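Student: Heads up: the protein sequence lines correspond to chains A and A', in order. A prime marks a further copy of an entry chain.
In terms of the deposited numbering, the first sequence is residues 35 to 194, 201 to 250, 262 to 287, 291 to 403, 411 to 432.
In terms of the deposited numbering, the second sequence is residues 35 to 194, 201 to 250, 262 to 287, 291 to 403, 411 to 432.
Next up is a structure, given as structure tokens.
Number of protein chains: 2
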Amino acid sequence: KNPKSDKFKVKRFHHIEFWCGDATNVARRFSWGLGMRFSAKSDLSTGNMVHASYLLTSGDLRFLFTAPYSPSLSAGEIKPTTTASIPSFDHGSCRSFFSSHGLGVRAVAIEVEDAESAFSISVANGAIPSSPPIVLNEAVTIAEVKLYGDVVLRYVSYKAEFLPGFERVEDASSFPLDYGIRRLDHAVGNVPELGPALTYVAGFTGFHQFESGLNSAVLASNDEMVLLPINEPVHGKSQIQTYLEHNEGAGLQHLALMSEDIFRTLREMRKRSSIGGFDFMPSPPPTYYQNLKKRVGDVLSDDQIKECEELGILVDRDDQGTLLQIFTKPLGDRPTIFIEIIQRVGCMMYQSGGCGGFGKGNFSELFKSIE
Amino acid sequence: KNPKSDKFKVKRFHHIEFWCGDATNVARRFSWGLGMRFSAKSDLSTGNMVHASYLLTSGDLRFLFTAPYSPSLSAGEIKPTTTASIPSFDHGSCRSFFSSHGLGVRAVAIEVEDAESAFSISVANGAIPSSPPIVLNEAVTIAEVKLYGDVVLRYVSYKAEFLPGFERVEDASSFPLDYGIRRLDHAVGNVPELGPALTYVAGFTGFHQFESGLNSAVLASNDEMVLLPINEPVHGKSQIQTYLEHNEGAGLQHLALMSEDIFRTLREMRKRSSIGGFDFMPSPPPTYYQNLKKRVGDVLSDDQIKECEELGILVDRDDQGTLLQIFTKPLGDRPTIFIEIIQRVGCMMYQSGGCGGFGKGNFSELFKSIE
Ligand SMILES: Cc1cccc(C)c1-n1c(=O)c2cc(C(=O)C3=C(O)CCCC3=O)ccc2n(C)c1=O
Ligand SMILES: Cc1cccc(C)c1-n1c(=O)c2cc(C(=O)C3=C(O)CCCC3=O)ccc2n(C)c1=O
Ligand SMILES: [Co+2]
Ligand SMILES: [Co+2]
């Protein structure tokens with residue numbers, strides 16, 4: 035059931051901001067490995083003396099990579115005179131975040147109708163403020179509140201390309217890479233305790249709720276297009295607890311990137327795993343794919359089923375739809391954040414968000430496949 | 035003239051160690067953009083709880099990329115019990131280095147006959163010690179002394201693959217990339233004052249000395276295969295001063311990578327500039343290549359000359375030989391460290414090091430070409 039209890043009008047995921055130590059190298063690695071286009075920048079060449087920010091896009095997916103310059107470049111600046119394009123940025127916060135967690139997501143940004151209203155309502159319902167609403171170039175309003183750990187939920191609202205202060209990248213430097221990724225499906229956080237974390241986030245958004264490892268629940272917006280699952284560990291080793299130990303606390307676990315064609319996406323990504331791209335988790339045993347026809351035989355032809363076997367793609371099914379999924383290795387040095395590629399089948403109305418679930422059935426289907 | 039005044043037996047450049055925030059993403063970017071093979075690792079999967087280190091190799095060129103884990107992973111370790119494979123590593127030093135300078139070279143490593151003797155003699159002749167000699171697995175000895183800024187000169191000596205504690209990468213994860221790079225030619229540092237810096241480094245090594264921008268001199272070993280130029284700025291804007299401001303002091307400016315075939319190297323690197331690799335500085339004006347036949351007409355055929363024009367390759371000449379060179383854009387966010395590709399022609403005896418010089422003539426040949 036959908037109570038539709040959003041306390042402000044939420045639309046879609048807008049962007050994901052990574053806080054790194056060197057934004058150039060991460061952006062280039064991600065661009066090549068994921069097939070994302072280099073489309074906007076904010077740095078020294080655009081007059082930003084505070085931070086380097088490079089935007090990658092694939093369809094509607096927007097990845098932002100930000101790193102701090104030497105504070106000496108902007109020592110005489112104050113906040114009213116800053117040359118930073120993202121006003122919530124903070125040298126001390128960024129360096130502390132990066133040295134504490136390593137590479138990871140700082141901001142999950144969602145587009146809203148009015149960021150300042152979204153901030154006010156959120157704080158009045160228990161959200162811890164992080165950056166107050168600020169209007170950029172009389173065009174865009176941005177505000178941030180705490181989500182979990184050091185991750186903040188960012189509200190963006192437009193009066194009427202990314203943000204003021206960003207430059208469109210020249211076509212010569214912008215290679216039209218595309219492996220089929222089109223938008224962000226969901227963003228999942230790991231916390232030490234799911235109870236307080238759900239109560240906190242559901243408390244200020246009004247989002248409703250959608262033997263190995265974790266306990267989890269999924270918070271969703273009204274149209275169920277903004278999906279925010281959260282994991283806690285179970286003790287008795292949990293992948294969630296390993297994340298908390300290596301990340302130094304709560305944070306974002308994985309980003310799910312919907313592909314228009316997961317087969318092409320995975321062929322392009324796997325071709326590049328060993329030449330600068332991303333490695334994937336080991337494939338399921340062949341017993342797993344020898345049981346797929348037993349479950350998804352009416353959805354996937356056995357030509358397509360065996361194509362999932364070469365690519366290592368997982369299949370799960372739901373009340374209303376079918377899910378195709380695969381997980382990469384951790385994106386950086388630490389066994390923390392990783393990426394999942396998905397494509398959903400069913401629930402045609411547009412496609413309703415969350416069609417197929419999130420792969421809970423794949424835990425027992427893989428536990429039993431390895432026998 | 036060559037005084038051959040080395041105070042200990044120096045052989046060759048051994049490796050360059052980059053200190054980064056995330057060693058996975060930098061290594062992968064460098065691997066793809068430069069065509070270097072992923073050949074050794076030291077991290078969690080090999081029992082290293084202190085730091086992640088990934089070695090790239092192309093011919094004899096060895097690039098090492100190191101980042102610190104969370105100190106919590108090794109809080110109970112002391113130096114005699116450390117699981118770090120590089121014992122000179124220090125969480126506080128690495129994070130301070132990276133947050134102060136951004137991505138850059140921490141260690142220029144040269145192979146010597148006896149690292150502990152090299153350290154003792156160096157310190158007794160005025161070198162500031164950084165890490166005392168330590169014997170690894172009764173096989174390799176490592177020691178470090180300060181070079182300039184936070185860059186240390188590292189001595190490696192072998193009793194008889202990189203270091204103890206590193207694992208050979210499995211062939212499945214090791215793609216044989218190769219764009220023609222074969223060894224490190226020279227490593228150049230920028231300092232605020234060339235006088236004290238030369239006196240300091242020449243003082244403890246015994247190395248002998250080999262209107263726009265800089266003042267520089269080149270220190271060399273006996274066989275002149277280890278070459279260490281140093282730049283200072285001239286005021287009246292200097293690229294050297296810009297480096298010092300953005301790097302927060304002295305450091306390594308550029309690494310010169312000798313290619314067996316600079317034409318193929320540059321074609322492979324340029325093909326990849328916009329898909330995760332490295333950008334190059336803008337090419338000289340066509341007037342420059344319209345004057346190349348006037349100077350190098352006896353060395354390069356005009357088919358090869360015009361091939362330098364498409365690639366943007368610079369040509370300089372010496373008393374004894376000819377130099378081919380090109381410079382990349384800065385490797386990271388800050389306008390600091392960059393890379394130069396070179397191939398030397400002449401001085402056949411093996412080829413004697415430094416054949417062709419370092420491109421001093423290209424300053425006036427480019428100043429006059431732009432007219
Ligand atoms: C990738 C990996 C590495 C080491 C250990 C493990 C358990 C895993 N791992 C997963 O992380 C994983 C995650 C999801 C997933 O996306 C998901 C959750 O199940 C929680 C609810 C929200 C959500 O979206 C589904 C299936 C998974 N499976 C099957 C899996 O094996
Ligand atoms: C690449 C770039 C960017 C912005 C500003 C400038 C001056 C440059 N720049 C160089 O840095 C450069 C460096 C060398 C060089 O390698 C070298 C030196 O001349 C000092 C002695 C040791 C040594 O090896 C040669 C030619 C150069 N030229 C011609 C050039 O234009
Ligand atoms: Co998921
Ligand atoms: Co040089």
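Note that CB positions come from ideal geometry on N, CA and C, so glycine has one too.
Short check: CB of A/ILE395 to CB of A/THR319, under 8 Å?
Tutor: Closer than 8 Å, so yes.
Student: Classify A/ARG388 as helix, strand or coil using the three-state DSSP reduction.
Tutor: A/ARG388: coil per DSSP, three-state reduction.
Student: Check the Cβ of A'/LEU137 against every Cβ in chain A and list those closer than 9 Å, keeping chain order.
Tutor: The contacting residues are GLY55, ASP56, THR58, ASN59.
Student: Going by alpha carbons, who is nearest to A'/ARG371 out of A'/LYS41, A'/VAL353, A'/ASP357, A'/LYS360?
Tutor: Considering only alpha carbons, the answer is A'/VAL353.
Student: Is there at least one Cβ from chain A' nearer than 8 Å to A/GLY330's Cβ?
Tutor: Taking Cβ atoms only, chain A' reaches closer than 8 Å to A/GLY330, which makes this a yes.
Student: Tell whether a beta-carbon distance below 8 Å holds between A'/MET312 and A'/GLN397.
Tutor: For A'/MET312 and A'/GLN397, yes; Cβs fall inside 8 Å.
Student: I'd like to know whether the C-beta atoms of A'/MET70 and A'/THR91 end up nearer to each other than 8 Å.
Tutor: The answer is yes: Cβ separation under 8 Å.
Student: Do the region 156-169 of chain A' and the region 321-331 of chain A' make contact, defined as three or more Cβ pairs closer than 8 Å?
Tutor: The region 156-169 of chain A', when compared against the region 321-331 of chain A', does not touch it at the 8 Å Cβ threshold.
Student: Under a three-way DSSP split, which group does A'/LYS383 fall into?
Tutor: Coil at A'/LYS383, not helix or strand.
Student: Is the CB of A/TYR219 under 8 Å away from at least one CB in chain A'?
Tutor: Not closer than 8 Å to any Cβ of chain A', the Cβ of A/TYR219 fails to qualify, so no.
Student: For the region 291-311 of chain A', which residues have a beta carbon sitting closer than 9 Å to at least one beta carbon of chain A?
Tutor: So the list reads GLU299, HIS300, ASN301, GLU302, given in the order they occur along the chain.
Student: Per DSSP, what kind of secondary structure is A/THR58 in: helix, strand or coil?
Tutor: Three-state result, A/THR58: helix.
Student: Check the DSSP bridge columns for A'/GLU283 and list the partner residues they point to.
Tutor: A'/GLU283 pairs with A'/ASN266.
Student: Suppose the cutoff is 7 Å on Cβ atoms and the five residues either side in sequence are ignored; what does the same chain contact list for A'/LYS43 look like?
Tutor: Within the same chain, A'/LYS43 has close Cβ partners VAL146, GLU147.
Student: Is it the case that the CB of A'/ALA161 approaches a heavy atom of ligand 4 more closely than 7 Å?
Tutor: No; taking the cut-off as 7 Å, the Cβ of A'/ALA161 has no heavy atom of ligand 4 nearer than that.
Student: Can you tell me whether A/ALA74 is helix, strand or coil according to DSSP?
Tutor: Of the three classes helix, strand and coil, the one that applies to A/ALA74 here is strand, per DSSP.
Student: For a cutoff of 8 Å on Cβ pairs, would you count A'/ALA227 as touching chain A?
Tutor: Chain A, which has no Cβ nearer than 8 Å to the Cβ of A'/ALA227, makes this no.
Student: Thinking C-beta only, is A'/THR117 closer than 8 Å to A'/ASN82?
Tutor: Taking 8 Å as the Cβ cut-off, A'/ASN82 and A'/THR117 qualify as a contacting pair.
Student: Quick one: residues in its chain with C-beta nearer than 7 Å to the C-beta of A/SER263, no 5 flanking neighbours on either side, listed in chain order?
Tutor: Closer than 7 Å at the Cβ level, and outside the excluded window around A/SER263, lie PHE424, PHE428.
Student: Taking 7 Å as the cut-off, is the beta-carbon of A/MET312 closer than that to any non-hydrogen atom of ligand 1?
Tutor: The answer is no for A/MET312.
Student: Indicate, with yes or no, if ligand 1 has a heavy atom lying under 7 Å from the CB of A/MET335.
Tutor: It does: the Cβ of A/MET335 is within 7 Å (strictly closer) of some heavy atom of ligand 1.
Student: Identify whether A'/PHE97 lies in helix, strand or coil by the three-state DSSP scheme.
Tutor: DSSP places A'/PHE97 in strand when its eight states are reduced to three.
Student: Assign A'/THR319 to one of three DSSP states: helix, strand, or coil.
Tutor: In this structure, A'/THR319 counts as helix in the three-state DSSP scheme.
Student: Rounded to whole angstroms, what is the Cα-Cα separation between A/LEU89 and A/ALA271?
Tutor: Whole-angstrom Cα-Cα distance: 26 Å.
Student: Can A'/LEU298 and A'/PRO232 be called in contact, C-beta distance under 8 Å?
Tutor: Cβ atoms of A'/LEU298 and A'/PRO232: closer than 8 Å.
Student: Near A/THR382, what residues of its chain come up, given a Cβ to Cβ distance below 6 Å and the 5 sequence neighbours on each side ignored?
Tutor: Answer for A/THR382: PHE332, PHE334, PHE392, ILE393, listed in chain order.
Student: By the DSSP assignment, the alpha helix (DSSP H) with A'/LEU298 in it spans what residues?
Tutor: A'/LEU298 -> alpha helix (DSSP H) spans 293-301.
Student: Can you tell me whether A/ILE431 is buried or exposed? The criterion is at least 16 other CB atoms within 10 Å of its CB, across all chains shown.
Tutor: Classification of A/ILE431: exposed, given that the 10 Å Cβ count is below 16.
Student: Comparing the CB of residue 407 of chain A' with every heavy atom of ligand 3, is any distance shorter than 7 Å?
Tutor: Residue numbering in chain A' breaks between 403 and 411, and residue 407 of chain A' falls inside that break, so it has no position here.
Student: Would you mind listing the beta strand (DSSP E) stretches within the region 325-388 of chain A that are 3+ residues and don't spill past its ends, in chain order?
Tutor: Segments of the beta strand (DSSP E) lying fully in the region 325-388 of chain A: 368-371, 375-381.
Student: Taking just the CA atoms, how far does A/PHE97 sit from A/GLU178?
Tutor: Taking the straight line joining both Cα atoms gives about 17 Å.
Student: Would you say A'/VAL228 touches ligand 4, meaning its beta carbon is less than 7 Å from a heavy atom?
Tutor: Yes; taking the cut-off as 7 Å, the Cβ of A'/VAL228 has a heavy atom of ligand 4 nearer than that.
Student: Taking 7 Å as the cut-off, is the C-beta of A/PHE419 nearer than that to any heavy atom in ligand 3?
Tutor: A/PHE419 Cβ: within cutoff of ligand 3.
Student: Please name the residue, chosen from A'/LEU385, A'/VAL142, A'/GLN293, A'/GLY303, that lies closest to A'/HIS226 on a Cα-to-Cα basis.
Tutor: Nearest C-alpha to A'/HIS226: A'/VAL142.
Student: Within the present structure, is the beta-carbon of A'/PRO339 separated from the nearest heavy atom of ligand 2 by less than 7 Å?
Tutor: No, ligand 2 has no heavy atom inside 7 Å of this Cβ.
Student: Output, in chain order, the set of chain A' residues within a Cβ distance shorter than 8 Å of A/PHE202.
Tutor: None at all; the shortest Cβ gap to chain A' is about 18 Å.
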